[PDB]
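> can you look at this? It's an experimental structure, sequence on top.
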Amino acid sequence: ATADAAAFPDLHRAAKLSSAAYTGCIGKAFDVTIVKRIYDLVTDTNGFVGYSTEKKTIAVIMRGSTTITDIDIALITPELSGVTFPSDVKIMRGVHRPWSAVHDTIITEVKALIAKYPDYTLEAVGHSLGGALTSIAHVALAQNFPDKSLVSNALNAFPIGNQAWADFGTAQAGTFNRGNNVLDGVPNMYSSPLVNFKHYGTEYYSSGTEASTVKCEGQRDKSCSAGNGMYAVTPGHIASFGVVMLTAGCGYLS
């Protein structure tokens, strides 16, 4: 890993937006005006779609679980509208199922927003399960909207598929970032050789400050999550880039 303080402001924003999704902010989440509220009861999938006039983006913000204290890790062949998966790609059902429940609703709203704001770029963000969802959202958006710039920020996320999945994620135009925190073992789930799920993207890592922010080398840099000695839901999971989930508020008076 190498120092990359310059990465911190965008990841800090991503963490604020992710916190807003847990809070259930009304009208807006910081600079994002929320135009559509995404909800699936059975999969408890929640999130927001909207636009930022400040950033000139159309944003998909996914919530994590309402509890972190079960998830289906059976690998399945995924199927999503507007996405063409190679035959060997497999994703865990516990992420494909909730995403597939909301996929068409999200794509439809993004397409409507693109018509209204045709110069805006795309972004996707979320924390924990919301970050795992963002790792599929990245591919859904890249495949459905190949003429749009795209940046996705998955925070504190576990990996969701096999090597063919990770390779397919890497193949997409657009930038997928995995922003992780000290003292959090969730990104280390499913790393055992017998299970062998694979990350993609560029990992960034911090202890909550700009100065501590690094850009990691490869998927499992031992200076970042892979080396932190943690597994699953440990104390650092609740925070990302200086934001403790649920404590950011909404930016109402900013």
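Great, that's in hand. Residues are numbered from 1 along each chain as shown.

> how about the strands in this protein?
2-3, 28-29, 32-40, 45-52, 57-62, 75-76, 91-92, 121-127, 150-155, 175-181, 202-206, 214-215, 239-240, 243-244 (DSSP state E).

> in terms of secondary structure, what does the second one contact?
Under the contact definition 3 or more Cβ pairs under 8 Å, 6 or more residues apart in numbering; DSSP states H and E, strand 28-29 sits against helix 8-23, strand 45-52. C-beta coordinates here come from the backbone N, C-alpha and C atoms, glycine included.

> kindly recompute the last result at 7 Å.
Packing contacts for strand 28-29, counted by 3 or more Cβ pairs under 7 Å, 6 or more residues apart in numbering; DSSP states H and E, involve no helix or strand.

> go through the protein and flag its longest helix.
Ranked by residue count, the top helix of the chain under DSSP state H comes out as helix 93-116.

> that one - contacts with which helices or strands?
strand 32-40, strand 45-52, strand 57-62, helix 129-144.

> the first one pairs with which strands?
Right, strand 32-40. Its sheet considered, strand 32-40 pairs with strand 28-29 (antiparallel), strand 45-52 (antiparallel) by DSSP bridges.

> can you tell me which of the helices and strands packed on helix 93-116 is most buried?
strand 57-62 (a mean of 28; mean count of other Cβ atoms under 10 Å).

> which residues touch it?
For strand 57-62, contacts defined as Cβ atoms under 7 Å, 6 or more residues apart in numbering pick out 17-18, 21, 29, 32, 47-52, 106, 110, 113-114, 117, 120-126, 130, 133-134, 137.

> thinking again about what came up before, out of the strands of the chain, flag the one nearest residue 251.
strand 28-29 (6.9 Å; Cβ to Cβ).

> so what's the gap between that closest one and the chain middle?
With Cα atoms, centre = their mean, to the nearest Å as the basis, strand 28-29 stands 18 Å off its chain's centre.

> wait, doesn't residue 101 sit right on residue 44?
No: using Cβ atoms under 7 Å, residue 101 makes no contact with residue 44, being 10.0 Å away.

> partner residues bridging residue 60?
For residue 60, the beta-bridge partners are residue 49, residue 124 (DSSP bridges).

> check residue 232 too.
Note on residue 232: beta-bridge partners by DSSP bridges are residue 185.

> residues contacting it?
Residue 232 is in contact with 185, 186, 189, counting by Cβ under 7 Å, 6+ apart.

> tell me the one of those nearest residue 39?
Nearest to residue 39, judged by Cβ to Cβ, of the contacts of residue 232 is residue 186 at 23.8 Å.

> I'd like the strands of the chain as CSV, with distance to residue 142 appended.
Shown next, in CSV, are the strands of the chain (distance: least, Cβ to Cβ, whole Å):
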stretch, distance to residue 142
strand 2-3, 27
strand 28-29, 23
strand 32-40, 19
strand 45-52, 16
strand 57-62, 12
strand 75-76, 21
strand 91-92, 15
strand 121-127, 9
strand 150-155, 6
strand 175-181, 9
strand 202-206, 15
strand 214-215, 22
strand 239-240, 23
strand 243-244, 26
